[PDB]
Every structure is written in structure tokens, then in C-alpha cells.
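**Student:** Sharing a structure, written as C-alpha cells. Questions coming.
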Amino acid sequence: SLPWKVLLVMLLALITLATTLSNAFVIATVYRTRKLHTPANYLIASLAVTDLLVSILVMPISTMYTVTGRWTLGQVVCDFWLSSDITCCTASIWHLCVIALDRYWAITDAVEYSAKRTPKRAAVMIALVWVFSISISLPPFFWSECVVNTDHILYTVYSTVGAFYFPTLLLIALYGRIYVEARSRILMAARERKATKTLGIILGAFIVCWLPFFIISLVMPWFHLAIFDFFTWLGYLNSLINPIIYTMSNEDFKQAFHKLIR
Amino acid sequence: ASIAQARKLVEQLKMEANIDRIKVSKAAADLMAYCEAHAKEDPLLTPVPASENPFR
Amino acid sequence: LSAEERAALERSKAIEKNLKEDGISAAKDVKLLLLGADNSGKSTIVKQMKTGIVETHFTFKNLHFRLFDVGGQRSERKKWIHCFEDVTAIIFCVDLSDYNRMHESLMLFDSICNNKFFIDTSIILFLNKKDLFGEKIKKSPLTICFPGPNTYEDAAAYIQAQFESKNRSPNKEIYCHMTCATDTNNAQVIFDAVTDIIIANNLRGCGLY
Amino acid sequence: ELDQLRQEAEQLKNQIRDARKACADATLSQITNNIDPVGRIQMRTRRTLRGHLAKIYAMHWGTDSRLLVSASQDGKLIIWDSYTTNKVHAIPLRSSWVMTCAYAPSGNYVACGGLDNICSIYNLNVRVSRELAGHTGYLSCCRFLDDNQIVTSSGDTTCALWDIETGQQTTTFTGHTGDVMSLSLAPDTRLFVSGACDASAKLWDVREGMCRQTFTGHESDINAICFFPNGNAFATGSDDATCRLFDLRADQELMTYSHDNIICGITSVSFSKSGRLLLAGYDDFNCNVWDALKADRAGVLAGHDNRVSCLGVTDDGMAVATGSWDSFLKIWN
Ligand SMILES: N#Cc1ccc(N2CCN(C(=O)COc3ccc4[nH]cc(CC[NH3+])c4c3)CC2)cc1
């Protein structure tokens, strides 16, 4: 009905604005604050930039798609929206495992990697993700509603594993090794409690949000598309959850954030 | 050793005591007269013009 | 004279390149404050690893180190300490074979541990003259400093415990060690302490620890 | 003998305190109540000199009011150009630490020192001309009298005049109890002052080499000090979070500039060309612009993130340049 649609339009527009609001402040805080100009923080900044592009490119077009269930912006914009949706949520996915790879070397190597960490080597990692992201969206260009184009199942299985399950296997393997390095450093028991809660929120927020959607990829290479539309916005719900996790852990930014806006 | 510090302090205090001290009203008038004299000359007190200002 | 202004800008291009190359070199190096009481073996550890301030420039295990031993100042301690608030770790030397040292140094340790600038800075406690201490406790024990039994393991541990007691600061691990007079490779202990400090900062920044 | 000397010294101090109170008929705040204030005037940020790695600990303008020198904990002493916002020189220091800096009135020599206990002079290639080594403690402040002469304070409890050509102490100024932090030369360069850790400024004589008179207004340690343009008064920043004006003629504390919100101490102070505005750099990342007569903050400067260390107004009074631990020199106008 229409009144349920008004609540849905109000909900998703609020989420779209909340993602834009969270990401816009995080990018502004790194650039404005002089102390935060470091190779570690630029990865968190670029994670906010990717999630910002989800909230600008994908989000406001996705709100109209869910409520109507029928395309109304030409076939050209349809081509740009899906590919951008993939790249942005593949860049947002790959940014977390890149921050994980940045942290992994920062914990296990530490003294060696301290010298290697530079704003250029930081910028190289962001370039590789964007080059990887666009190259996952480049293959589907073989062409009423603007659905995703399934034709080569070999490309579907190639896309999903490269743009989720390989990051998933990487991220759990990295944070598995970081948590062992963390506990060995700890052993006091109260810190160990935080170590578990910190590792759980970083890893769990990534899995709980995205695992439902990329499972649906393999299920529909079964059930109707109501659940699909839920898991897309569950995945876009990660984009606003990502900055608030990665900023909450950092004491310098969380201090800088309150200092900026009272 | 201890007497030398007291003697040096007493000699310094004796020299510092014998001085021509004047009133606060007389001294403050000199400081106020100086500030009023250089009031137009000061760039910071009354903000300077953009042409004459080198930074602008 | 636009060329004259360009020549002045050309001088600054050389200065900007010089500062950037020197700055990144000074940034990667580990800066260490060497504090402690007099006659505690402050210069001995610097000599073993390798007149106001005394600089050191030794390197060990693929990393540059910079020990800084303040001494002969006897002035307001609050002034020269804030000059280097950004040290990686405060090396603190303690004379074990000495009781004036034991109470006087422990008070100085407390103040530096409690100093507004150094509460966000780790400490590497060195309990020097351990060989001389072991022989000294047999003749005259550690009964003067309140209490426990008179033994090398117990007496040295209670000293370490008392320095560890005056911590009062989360995110500030005190790394203790007992050198035999001044004839042991204790530069690796500084590396081992600093390695733990850098990882602890990386964890603390990450969210863990 | 010891008790008799202490009783005689206390009687002289009581006679001195009575003499100051007898002179004080009116106050500075009373006679300047009728005078109209400065008002809401705050200087805009003209420049932002970006080229320091570590915390800037001191800076000083030249005579021309064109070039400004700035010393920092990087082990780098940069001579800037205020107009062109450009590097003129960049002198690499012997010791990495530097708590003071000076620049000659002739515009030739450049002085610096700190935890070395040496006032290293540099002639404008650049190299060491005369390393003035003869202090027991850290060099706290130093200022050029002329091209030949130079005066220095230290943590050894004693200031000392030097000769650059000879390379030796001409006369030693002894008097303070705690470590001396700052000094300030008069316009005439015949007398000077110096605040110390024992909460007491002391007026010295350059030619004579003796303490003329002591000033005791502050509670906590005096960090900074600066002369009034005419040369018959001076202001002093302290750890007590209160700037205090003093008169050399009256020999007493004229006026105290303070605020309840301002809790942290003062790092550096300086007057304008006229001496109406008294600027003061605080430890809470700000620099309030006080009125010297009205006893109220006209404006406030807040460019820096970390605490301001040094404060330097130009000779002609065109601009101010506040250095800071953020590693920036923001020029005001
Ligand atoms: N009924 C139904 C139904 C309709 C379409 C789909 N698809 C979703 C899974 N399919 C894919 O092509 C995989 O899509 C990807 C593959 C990698 C990706 N990386 C990021 C995203 C953005 C998703 N929000 C993304 C999306 C086939 C179309 C599933 C069920």
C-alpha cells in the first residue's frame, strides 16, 4: 500500500542521508585536522570516500527502484547504476581487507613495516582496489526493469568470489593472525575482553551485512525478490556502519570529531 | 659561606632601597601620553589601509 | 625583477627539498630519554650500546637509535623535559647497590611517570649493578625500605614491584630488566622493549589491546 | 650574624614595600577608566609559514621587519621572508634542541641555543662564527645588543653579557634564585630585564653590571618578559595565568591582566608599536590581545592547534607572528 511506501521512502532516504552525513564528516575531519595526515588514516578516509560514492551514485537511485519496482531513467543510466553499484560495494569490500592488510603488517612486522608505510604506498593500495573494482564491472557490457545481467555463469562465479569470498577468506585469515598476535601481546583480562569485542565488531559487521547478499548470488545463478531488496540495503547499511567502527577504535579521530563539532 | 649570601643580599637590598621612586598617577600618565601620541602611528591599533599594508 | 623573485623561490626549492629529506630521516629514528640518579651507570650503558645534554647515535638490529642523557643541570626539571615530549620510550636507570639512590631515584621516577607530557609515553626500567647488589644484600639486607625474606630473587623483585607500583597509568607498560654491572648485551632488551612499545601503539591505534 | 642580617634585610624589604604603597595614590585602572577602549579588533591571518617538522620553540623579527628567524626542535633554524612567504636561509643546528633564537639589529648575525649550554652564532654559505660556551645550564633566552655584543640568560641562575669578536663573558649578572627563563632589552639598550622561575623580574644595567631593582608580582614561575616601547615599563607572562605590567620609575606592579577561564600559563608576550595593545601567547592554543590601559581583552587570536611558544611583534609594528608547537608561524595583520 501507499502508506507503507511512504514509511519505506522515508526510511531509505534517511539511511541514504545518514550514510552521506557519516562519510562527509569523516573525510572532512582527516583533511581539516593536521595530526590525522598519516598513511593509516588515509585508508580509513578512502573507505569513507567509497562509502560516500555508494550514498551518492547508488543510494538515491536505489530508493526509487525498491518503492516502484519498475525502471524510469533510460537504458543508459541503468548501465551506469549497476556497474557503479558493483564497483562501489566491491571497493568498499576491498577497502576493509586492505586496511586489514595494512594492520596485519603493522602488528606482525611492526618495526619493519613502520619504515615502509608512506603516503605513496598508501595511495598505491587505494589505486589497486579501484583498478580491481572497475575491472569486475567491465565484463557485464554484452547488452522493462533494470535487473543485473546474468549470462555467463562463469563471470558470475568469477565476480562474486573475487569481489567478496576472497576478501572474506583474506580478512578472516588476517584478523585470525592479528588476534593471536594481540593476545600474545596482552598476556589485563579486561583488555582481552575489548580485543574480542573489537575483533567481533570489525569482522562481524562485514560478514553479517554482506554474506546474505553474496549467498543469494549462488542461490540465484529459489525465492522471490522481496528478500533481495532487503539484502541490498543491508549491504548499503554496512557503508554507514563501516566509518563509525573504524573511527571508534581510533582515539585521535574520536577526540578530533568531538573537538570539531562541539 | 652562609653569611656571604646574606651580606650580598643585604648589600643588594641596601642599593635597591635607596632610589628615587615616584607616584603611580605620574607614571601612568606618561604611559597613557605615549600611547595617545603614537595612536595614529600604530598599524595594529587602528587597522591599516590595503594599499599601504604589504601583506594585503 | 621577476627573475630575482624566481631566484629567491629557487633558493626555497632547495631548502624545501633539504628539509623534507632530513625530516623523514629524523622521523623514522627512535628517540630515547635516558633519565636516572647520579652514579647509576647512565654513561656506562651508552658506552656499552655504542656539559648539558649528551647525544648518542648507535644502531642495532636494522634500526637507528638516539639515547639522550640529561645531566649536570640541577635546575627546574619542568623546563628541559617538555623539550622532548615525543620520545618513544623513557630509559630509566637505577643504582641497585645504593640506598640513597633507591629512595631518591624512586621519587624522581614517580614525578616523571606522573608528568603530564610523559603519561602518554612508555618506560624502560633498568635496575643496574645487579652483580654488586647480590653481594650487598647478604651483608646489609633490604630491611630499611619497609619490609619479605633477604634473597637476591626476592629483594630485587620488591624493588621492581615498588617501581611498578608507581605507575597509575593505563596504556603505559613499564619494561624491567637487571643488568650485571655493565657487561651484558642489554641493547637487545631496549630493542625488545621498543618492539613491544611500537606494536602496543599499533594495537592501541587499531582498537585491540 | 645570620639572624641580624636577615632582620636587616627584612626591614629593607618592609621599607621598600612601604615606599611603593606611599607612591601609589591612584591606580592605572582608575585613571584610564575615562579613556575609550580599543573595542572588538582582531587581526586577520595574513600568512601561514609551512616548513617546520617538530615544535617551534622560538622566533624573532629583524630590524627591517622583513625577515623573521624561527628555531625548532627539528634541528633546523629557518630565516623566513614575511612578504614573500618564502625560505631565505635554513641553518642546520649542531644540537637538535633549541629553546631560544635571536636575529641581530644590523641583519648579519643569527644566534641560537638550548640544552647545549652554548649560544651558537651564525654569520649570514653559513657556518659557526663564535660558539659562546660558558654556562652551567641550558640557554633559556638571548638577544643581540649590537653586532659585537650579545646578552644571554640561562638555567644556571645567572645571565651573562658576551663579546662575539673575543668569544668570552664581559660581565656576569648574578641575582636570581631559580632558573632564568626570558629577558628583554630596552630600546636604548642601556638597561634590560629578566623573569625567572622564582617569580621575580630584575632590572639590570648593561655597562655597570648590577641589579638595579627587583619586581615581585607573580606567584608562579615567570616564563616570558617584554619591554614597553618607551623604556620605562614592561609586561611579564607567568605560569599563574596572569600577565602583569610593571613601572621602572614607580618600581611596582601597575596592572594585572587576567581571566578565570584562562587557566594555563603564558608562554610569550609582546607590545605593539604604540604599546596600547599587549599581546600574550597562552598554553591553550590561543593568543589574547589585551589592552594595556583598560585591563580587558580587545580581541583574541586562534589559528594554532597546539600551544603557542613564541610571540614576536615587528619593530615598526606592522604585523605579529605567533610560533607554535603545531610547527607553524601564522603572521597577523
Ligand atoms: N529474483 C532474483 C534475483 C535477481 C537478480 C539476482 N542477482 C544478484 C546476483 N547476481 C550477480 O550478478 C552478482 O552481482 C554482484 C557481484 C559482485 C558485486 N560486488 C558488489 C556488488 C553490489 C551488490 N549490492 C556486486 C553484485 C545475479 C543477479 C539475484 C536474484
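Residue numbering for chain D follows Swiss-Prot, covering 3-126, 132-340 in order.
If you're wondering, the header gives electron microscopy, 3.8 Å.
In case you wondered, yes, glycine gets a Cβ from its N, Cα and C as well.
So Swiss-Prot lists these for the protein:
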- D:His266: phosphohistidine (MOD_RES)
- D:46-94: repeat 'WD 1' (REPEAT)
- D:141-181: repeat 'WD 3' (REPEAT)
- D:182-223: repeat 'WD 4' (REPEAT)
- D:224-267: repeat 'WD 5' (REPEAT)
- D:268-309: repeat 'WD 6' (REPEAT)
- D:310-340: repeat 'WD 7' (REPEAT)
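Can you walk me through where each of these features ends up in the structure?
**Tutor:** Spatially close to D:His266 (phosphohistidine) yet at least six residues away along the chain are D:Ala248, D:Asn295, D:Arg304, judged by Cβ distances under 8 angstroms.
Long-range contacts of the repeat 'WD 3' (D:141-181) within the same chain, counting only residues at least 6 positions beyond its ends with a Cβ under 8 Å from a Cβ of the stretch, are 62, 101-102, 104-108, 110-111, 113-121, 123, 187-192, 196, 199, 201, 203, 211, 213, 216, 218.
For the repeat 'WD 5' (D:224-267), the DSSP-based tally of helix, strand and coil residues reads 0 helix, 21 strand, 23 coil.
Across the repeat 'WD 6' (D:268-309), DSSP assigns 0 helix, 23 strand, 19 coil.
Outside the repeat 'WD 7' (D:310-340) by six or more residues, the chain places 45-52, 54-67, 70, 72, 74, 82, 84, 103, 231, 271, 274-281, 286-294 with a CB less than 8 A from a CB of the stretch.
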**Student:** Rounded to a whole angstrom, give the Cα distance between D:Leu126 and D:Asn132, which sit at either end of 5 unmodelled residues.
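**Tutor:** The answer is 7 Å, taken between the two Cα atoms.
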